[PDB]
Amino acid sequence: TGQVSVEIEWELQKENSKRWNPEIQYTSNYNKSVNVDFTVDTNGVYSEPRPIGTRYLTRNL
Amino acid sequence: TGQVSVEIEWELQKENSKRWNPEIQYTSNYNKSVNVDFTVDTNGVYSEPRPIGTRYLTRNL
Amino acid sequence: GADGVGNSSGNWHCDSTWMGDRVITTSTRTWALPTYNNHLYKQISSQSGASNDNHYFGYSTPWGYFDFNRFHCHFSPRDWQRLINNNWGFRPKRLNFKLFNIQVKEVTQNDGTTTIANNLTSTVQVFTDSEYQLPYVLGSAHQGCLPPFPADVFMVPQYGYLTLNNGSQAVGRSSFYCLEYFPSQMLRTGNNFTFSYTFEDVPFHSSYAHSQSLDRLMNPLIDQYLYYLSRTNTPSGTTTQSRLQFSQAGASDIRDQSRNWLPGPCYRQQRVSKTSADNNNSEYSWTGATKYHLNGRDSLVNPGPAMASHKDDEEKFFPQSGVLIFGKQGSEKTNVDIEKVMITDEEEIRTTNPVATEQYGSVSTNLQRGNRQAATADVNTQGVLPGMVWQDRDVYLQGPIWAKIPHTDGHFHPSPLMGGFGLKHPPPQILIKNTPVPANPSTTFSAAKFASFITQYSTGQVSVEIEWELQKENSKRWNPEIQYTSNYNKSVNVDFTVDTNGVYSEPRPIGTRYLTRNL
Amino acid sequence: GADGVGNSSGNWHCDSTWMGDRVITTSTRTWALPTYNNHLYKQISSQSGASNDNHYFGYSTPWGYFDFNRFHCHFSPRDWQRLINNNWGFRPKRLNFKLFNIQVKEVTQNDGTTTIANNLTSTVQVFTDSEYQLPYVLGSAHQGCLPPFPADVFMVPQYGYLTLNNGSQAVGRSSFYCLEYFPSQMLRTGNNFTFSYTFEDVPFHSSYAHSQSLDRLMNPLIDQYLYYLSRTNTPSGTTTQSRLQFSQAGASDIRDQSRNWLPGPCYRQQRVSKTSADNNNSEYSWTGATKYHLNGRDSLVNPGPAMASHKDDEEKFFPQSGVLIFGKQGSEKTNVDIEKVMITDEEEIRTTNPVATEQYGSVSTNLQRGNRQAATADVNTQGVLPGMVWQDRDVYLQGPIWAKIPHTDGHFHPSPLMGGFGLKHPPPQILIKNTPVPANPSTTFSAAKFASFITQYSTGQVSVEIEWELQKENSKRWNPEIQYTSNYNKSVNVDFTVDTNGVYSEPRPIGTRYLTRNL
């Protein structure tokens with residue numbers, strides 16, 4: 001047994017958009033709940049509630 | 001009559017947060033509707049649907 | 001800009017110069033710009049009950065825009081002939097744009113008379129996006145071009161766009177663009193505007209036609225060394241039995257020879273005739289159309305993929321939507337007879353692209369055996385396969401020069417389907433508007449949007465200059481070519497000329513493909 | 001770290017040196033770190049039905065942490081006396097931290113015996129956040145300090161935190177921190193860890209007591225030149241009439257004199273007595289408490305604002321929560337008699353801060369007239385007003401040295417309410433954990449979380465060194481001061497010493513305020 005490590009460098013592309021109104025963003029729901037999303041439960045098992053894609057910000061075709 | 005112009009320079013403070021799970025973000029609703037928020041209507045009067053505050057990202061006390 | 005009210009801000013330049021290898025064109029027109037929508041934005045959408053195909057949602061703006069995208073703006077009928085007769089291809093390189101001699105007029109409609117007078121201190125503001133941040137309208141072949149004939153005057157068309165909808169209702173992702181939110185340049189009398197632009201590298205357009213059909217590439221004198229399966233059975237006694245024979249393909253076998261290539265792809269069309277007697281009696285227009293289906297609605301493919309219009313010795317037939325169609329002088333918008341329209345012909349591409357009204361070929365449907373008999377079926381739609389060559393659609397004289405390639409993760413052979421040059425960074429949209437001048441506010445303060453403005457419009461001259469690159473021809477063809485000629489017989493009116501009432505007209509479509517090349 | 005298994009990674013340093021102006025202390029302790037929660041995170045919350053005040057939501061982690069925040073860690077009872085007797089104030093400056101001599105043990109519990117043996121290749125990993133990114137637990141006066149007596153050994157306390165809740169349920173804004181998600185430093189036998197830290201500038205703590213009460217600032221010999229309203233009416237004939245007389249205030253009038261200052265603010269407390277006979281018979285504990293109300297739940301103010309405990313010649317009474325309370329040796333957690341607790345005394349602040357069990361003063365409730373008579377009422381709560389001076393609460397011998405000021409848009413007089421030094425960037429939390437060592441996986445592959453680990457724990461020595469800055473005294477007081485003295489009579493046990501069974505104990509709380517200053 002032992003420990004392993006990984007480090008990746010990523011390149012990003014920023015956005016210049018003249019869209020006047022607001023975008024759609026990925027949000028967590030603010031209502032109360034028994035368990036927080038993407039968190040351990042009372043027994044200590046980490047879980048992921050839903051799939052999350054990368055497509056939110058909008059571009060013109 | 002004429003035209004007036006204003007230009008302000010702002011200073012920003014970025015965030016380093018070790019919070020594991022996602023934040024709450026300001027989102028526009030993606031359901032269909034007659035009018036888009038923050039946009040002219042069919043008669044050309046611009047309107048603002050709701051007040052929007054600045055407090056979303058979270059910090060520890 | 002520069003100088004005064006009395007000084008002129010620019011000279012009239014309309015000319016063409018031919019340098020050999022590259023070549024340069026220039027033109028100047030006169031325009032008039034109204035105020036649109038009473039200085040305000042409006043959302044527009046489809047009207048009440050409509051077909052699910054016809055729904056749309058979008059916005060219209062006070063701003064106008066300039067469109068030079070058609071060839072006939074740049075080239076005169078004669079200048080078009082040192083090009084198409086003398087050359088194997090051409091492409092754009094760089095262009096210039098200029099506005100000048102701007103003057104703004106205000107109008108007073110009181111009673112039954114309308115007085116018009118200069119407003120010397122009013123402005124007109126112009127910008128070019130050039131970062132491609134706006135919806136790109138040009139390339140959809142709308143009206144509002146610079147006129148083909150240099151002495152005509154034209155309005156500037158109004159600008160607007162469309163966005164994602166559900167029915168007649170907007171979706172959360174739908175976008176709204178305020179053109180006031182860009183830096184622009186405010187111009188008065190005695191101020192001018194310029195910018196210059198450089199085309200990205202693009203292939204020459206092919207103005208040649210082929211002298212060889214793809215089905216005949218080879219020497220008739222010499223036989224191949226390959227064998228094909230020729231006879232499947234032989235008579236034995238009274239009745240045949242199964243015996244396989246093979247053969248080498250000669251000049252009598254030309255049908256059967258091996259080849260290294262295949263014809264281009266097809267997406268098939270319905271065929272109609274110019275003679276009214278051959279066509280069926282019913283309404284098949286929308287029902288018999290070829291279509292594509294995107295997000296639950298259906299759209300006609302009007303140009304469609306590039307395919308020959310007709311075969312040999314049928315000139316009477318053309319694809320239903322498969323061709324471009326131009327109107328004659330003064331033709332109306334709707335329900336107009338065939339004698340009024342001008343139908344283009346795509347033929348010279350017979351040698352590679354298949355005919356649009358017929359199947360690509362035939363393919364085997366089943367496995368034979370002793371008691372089963374071979375079966376085939378027609379393939380009416382073929383995608384691209386390795387070893388497949390084709391040609392693109394011709395630009396003609398009047399039609400799209402370029403289009404903007406959509407910004408996407410993938411695309412194939414971007415040359416656009418109407419014709420011309422696909423560009424990732426095309427010439428940027430030029431946008432222009434009259435600055436609002438309010439009229440006589442009330443004495444006490446009120447916070448409200450002004451409904452009352454001075455009524456005014458502007459006019460001036462615009463200029464465009466493009467540099468073109470040419471490709472000359474070395475041909476060892478012994479005999480003469482086919483050239484574009486005007487008929488020498490006498491006639492009442494000369495082609496491409498004013499009539500007795502002074503309306504310039506264009507008799508026929510003129511394509512670029514005359515000179516011949518070997519395949 | 002450095003070198004080998006056989007080489008030692010550090011020497012034992014526990015000492016104190018006194019340089020005059022700036023003074024230095026050092027200590028070293030021995031610790032043992034268990035594995036907590038079986039190497040995994042768990043959310044915790046309030047249990048089923050509970051008072052709306054008692055709900056909470058949060059997480060507990062496998063990680064431990066070091067707490068030196070109490071004074072008695074750093075100062076010995078005698079070293080505490082070249083400080084409080086000889087000086088008018090002190091503050092911290094900079095500190096060091098070190099870990100060394102780390103060794104990890106694995107245990108085998110089979111049958112009725114438990115064998116323990118070295119695991120030489122196992123690791124222990126440590127980090128210090130120092131960017132203040134984690135919830136900051138220290139400063140809440142929990143258990144788990146370095147022992148006061150250098151020969152004792154202690155466990156490291158477990159780390160955890162709390163977050164916004166609604167009842168026992170979480171809210172969308174609630175945050176979850178994984179400590180694995182920070183860079184740390186993995187240490188084996190023969191590796192050591194260090195860092196150093198510098199306190200931000202902070203005012204000296206005041207170890208003086210005042211020799212003048214705020215109500216007497218002035219010369220008894222000389223009268224003022226100001227007038228106060230003295231008599232409101234005078235006898236005329238048989239009965240009085242309204243006549244206003246004025247007077248200058250002398251030594252007989254000292255009650256009535258003008259002053260430039262006012263006493264500090266109060267938030268009032270309930271009073272109880274150490275003699276059990278004076279106290280009412282009922283349960284007033286929670287009902288008679290002073291509280292604050294935040295988001296629909298109620299919390300006791302345990303220290304509350306700094307106020308004197310009792311007036312002159314009543315030693316029997318103290319505020320209900322208003323004082324700190326320490327337990328004697330071996331006292332239990334719940335429902336323990338007064339003889340077991342040690343109650344601190346706040347008195348020397350009588351001269352400025354008002355007594356906690358009484359009102360701030362009296363204020364006029366109404367406007368008088370001929371037929372109305374003047375009315376007043378007690379003010380039991382007073383906020384800060386211009387011209388108001390006070391003192392802070394004393395640190396004593398054992399108690400909070402510092403606290404972290406919350407990060408907020410505003411705060412007033414940040415000195416913390418238990419005592420000590422408010423810091424915006426306090427000494428960072430040190431966190432430590434045992435690295436999990438898996439045990440004997442199955443032969444075939446399975447994707448599941450390991451429930452099975454080697455059972456092991458670690459131990460070593462830790463060291464802390466702080467530099468302190470001192471403020472000496474120039475006093476022209478002729479007569480002697482009050483000093484902290486041990487009683488010289490014979491006794492069974494010496495104070496601050498082991499007993500016959502070897503348990504070190506602290507007899508009484510010792511504050512820092514002895515030497516006297518003029519107000």
# chains A, B, ... in the order shown; residues from 1 in each chain; ligands from 1
$ residues_around --residues "residue 403 (chain C)" --least-positions-apart "3" --cutoff "12 Å" --atoms "only C-alpha atoms" --output "ChimeraX atom specification"
/C:69-70,136-141,399-400,406,414-428
$ interface_residues --of "chain A" --to "chain C" --cutoff "6 Å" --atoms "only C-alpha atoms" --output "PDB file with C-alpha atoms, in the first residue's frame"
ATOM      1  CA  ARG A  19     -25.915  39.494 -24.069  1.00  0.00           C
ATOM      2  CA  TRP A  20     -27.867  42.026 -22.045  1.00  0.00           C
ATOM      3  CA  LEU A  61     -24.679  30.224 -33.408  1.00  0.00           C
TER       4      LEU A  61
END
$ residues_around --residues "residue 40 (chain B)" --least-positions-apart "2" --cutoff "10 Å" --atoms "only C-alpha atoms" --output "list in words"
residues 35, 36, 37, 38, 42, 43, 44, 45, 46, 47 and 48 of chain B; 40, 41, 42, 43, 59 and 176 of chain C
$ atom_distance --atom1 "CA of residue 3 (chain C)" --atom2 "CA of residue 434 (chain C)"
21.4 Å
$ closest_atom_pairs --of "chain B" --to "chain A" --cutoff "6 Å" --atoms "only C-alpha atoms" --output "Markdown table"
| residue | atom | partner | partner_atom | distance |
| --- | --- | --- | --- | --- |
| B:21 | CA | A:38 | CA | 5.8 |
| B:24 | CA | A:27 | CA | 5.3 |
| B:25 | CA | A:27 | CA | 5.2 |
| B:27 | CA | A:25 | CA | 5.2 |
| B:28 | CA | A:24 | CA | 5.5 |
| B:38 | CA | A:21 | CA | 5.9 |
$ write_last_selection --atoms "C-alpha atoms" --output "CSV table (one decimal), in the first residue's frame"
chain,number,residue,atom,x,y,z
B,21,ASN,CA,-19.9,21.4,-2.1
B,24,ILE,CA,-25.8,29.3,-4.4
B,25,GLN,CA,-25.7,31.3,-7.6
B,27,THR,CA,-29.9,32.1,-11.9
B,28,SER,CA,-32.6,33.0,-14.5
B,38,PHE,CA,-34.9,42.3,-18.0
$ closest_residue --among "B:33, B:17, B:2, B:41" --to "residue 57 (chain B)" --atoms "only C-alpha atoms"
B:17
$ residues_around --residues "region 325-336 of chain D" --least-positions-apart "3" --cutoff "10 Å" --atoms "only C-alpha atoms" --output "ChimeraX atom specification"
/D:303,321-322,339-345,398-399,503-509
$ select_by_dssp --residues "region 56-258 of chain D" --states "strand (DSSP E or B)" --output "VMD selection string"
chain D and resid 57 to 65 67 70 89 to 108 115 to 118 124 to 128 145 153 to 155 158 to 163 165 to 166 169 to 170 185 to 187 193 to 198 205 to 206 209 to 210 227 to 229 233 to 236 239 to 242 246 to 248
$ write_last_selection --atoms "C-alpha atoms" --output "tab-separated table (two decimals), in the first residue's frame"
chain	number	residue	atom	x	y	z
D	57	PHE	CA	-26.07	20.73	12.56
D	58	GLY	CA	-22.48	20.00	11.63
D	59	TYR	CA	-19.70	17.50	11.03
D	60	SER	CA	-17.04	15.58	12.95
D	61	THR	CA	-13.69	14.67	11.42
D	62	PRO	CA	-10.92	12.12	12.02
D	63	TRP	CA	-8.45	14.97	12.53
D	64	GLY	CA	-7.10	16.20	15.86
D	65	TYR	CA	-5.76	19.57	16.90
D	67	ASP	CA	-4.52	23.80	21.88
D	70	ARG	CA	-4.52	28.77	28.04
D	89	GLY	CA	0.94	45.18	31.43
D	90	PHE	CA	2.04	42.55	28.97
D	91	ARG	CA	1.23	41.36	25.47
D	92	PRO	CA	2.41	38.56	23.17
D	93	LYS	CA	4.74	39.20	20.23
D	94	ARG	CA	5.82	36.05	18.36
D	95	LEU	CA	5.80	32.30	18.90
D	96	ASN	CA	7.32	29.07	17.64
D	97	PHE	CA	5.86	25.57	17.29
D	98	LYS	CA	7.59	22.23	16.89
D	99	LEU	CA	6.81	18.51	16.74
D	100	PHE	CA	9.38	15.75	16.99
D	101	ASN	CA	10.19	12.24	18.20
D	102	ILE	CA	7.21	10.72	16.43
D	103	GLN	CA	6.54	7.02	16.80
D	104	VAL	CA	3.58	4.95	15.62
D	105	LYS	CA	2.27	1.83	17.34
D	106	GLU	CA	-0.04	-0.90	16.08
D	107	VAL	CA	-2.10	-3.03	18.44
D	108	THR	CA	-3.50	-6.57	18.33
D	115	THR	CA	0.12	-6.80	22.09
D	116	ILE	CA	1.57	-3.48	20.95
D	117	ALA	CA	4.48	-3.08	18.54
D	118	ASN	CA	6.25	-0.45	16.47
D	124	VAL	CA	1.44	10.89	10.46
D	125	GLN	CA	0.50	14.00	8.49
D	126	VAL	CA	0.20	17.56	9.78
D	127	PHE	CA	-0.70	20.96	8.36
D	128	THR	CA	-1.47	24.50	9.50
D	145	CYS	CA	-5.21	21.91	26.57
D	153	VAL	CA	0.55	13.29	29.23
D	154	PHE	CA	-2.62	14.18	27.31
D	155	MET	CA	-4.67	13.05	24.35
D	158	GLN	CA	-10.99	15.57	18.09
D	159	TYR	CA	-11.87	18.26	15.56
D	160	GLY	CA	-15.35	19.16	14.32
D	161	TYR	CA	-17.56	22.11	13.50
D	162	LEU	CA	-21.10	23.37	13.03
D	163	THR	CA	-22.96	25.16	10.26
D	165	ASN	CA	-29.32	24.75	10.32
D	166	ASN	CA	-33.09	24.92	10.36
D	169	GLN	CA	-32.01	20.01	9.14
D	170	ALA	CA	-29.37	21.65	6.97
D	185	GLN	CA	3.21	17.21	5.42
D	186	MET	CA	3.59	13.47	5.93
D	187	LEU	CA	5.95	12.48	8.75
D	193	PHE	CA	7.67	19.75	11.85
D	194	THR	CA	8.05	23.47	12.62
D	195	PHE	CA	6.53	26.84	11.92
D	196	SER	CA	6.76	30.33	13.39
D	197	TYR	CA	4.22	33.12	13.81
D	198	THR	CA	4.11	36.85	14.56
D	205	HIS	CA	-3.40	44.04	28.91
D	206	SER	CA	-3.98	46.21	31.95
D	209	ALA	CA	-6.04	48.51	39.45
D	210	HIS	CA	-7.15	52.10	39.91
D	227	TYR	CA	-23.85	76.15	39.88
D	228	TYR	CA	-26.35	73.31	40.24
D	229	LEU	CA	-30.04	73.58	41.09
D	233	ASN	CA	-39.09	75.61	46.77
D	234	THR	CA	-39.08	77.82	49.82
D	235	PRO	CA	-41.45	78.21	52.78
D	236	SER	CA	-43.56	81.36	52.51
D	239	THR	CA	-46.81	76.82	53.27
D	240	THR	CA	-44.09	76.61	50.64
D	241	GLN	CA	-44.04	78.25	47.22
D	242	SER	CA	-41.98	77.57	44.12
D	246	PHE	CA	-28.68	77.53	43.08
D	247	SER	CA	-25.42	76.58	44.73
D	248	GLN	CA	-21.74	75.92	44.14
$ atom_distance --atom1 "CA of residue 15 (chain D)" --atom2 "CA of residue 404 (chain D)"
27.9 Å
$ closest_residue --among "A:3, A:9, A:18, A:31" --to "residue 60 (chain A)" --atoms "only C-alpha atoms"
A:18
$ atom_distance --atom1 "CA of residue 211 (chain C)" --atom2 "CA of residue 351 (chain C)"
8.4 Å
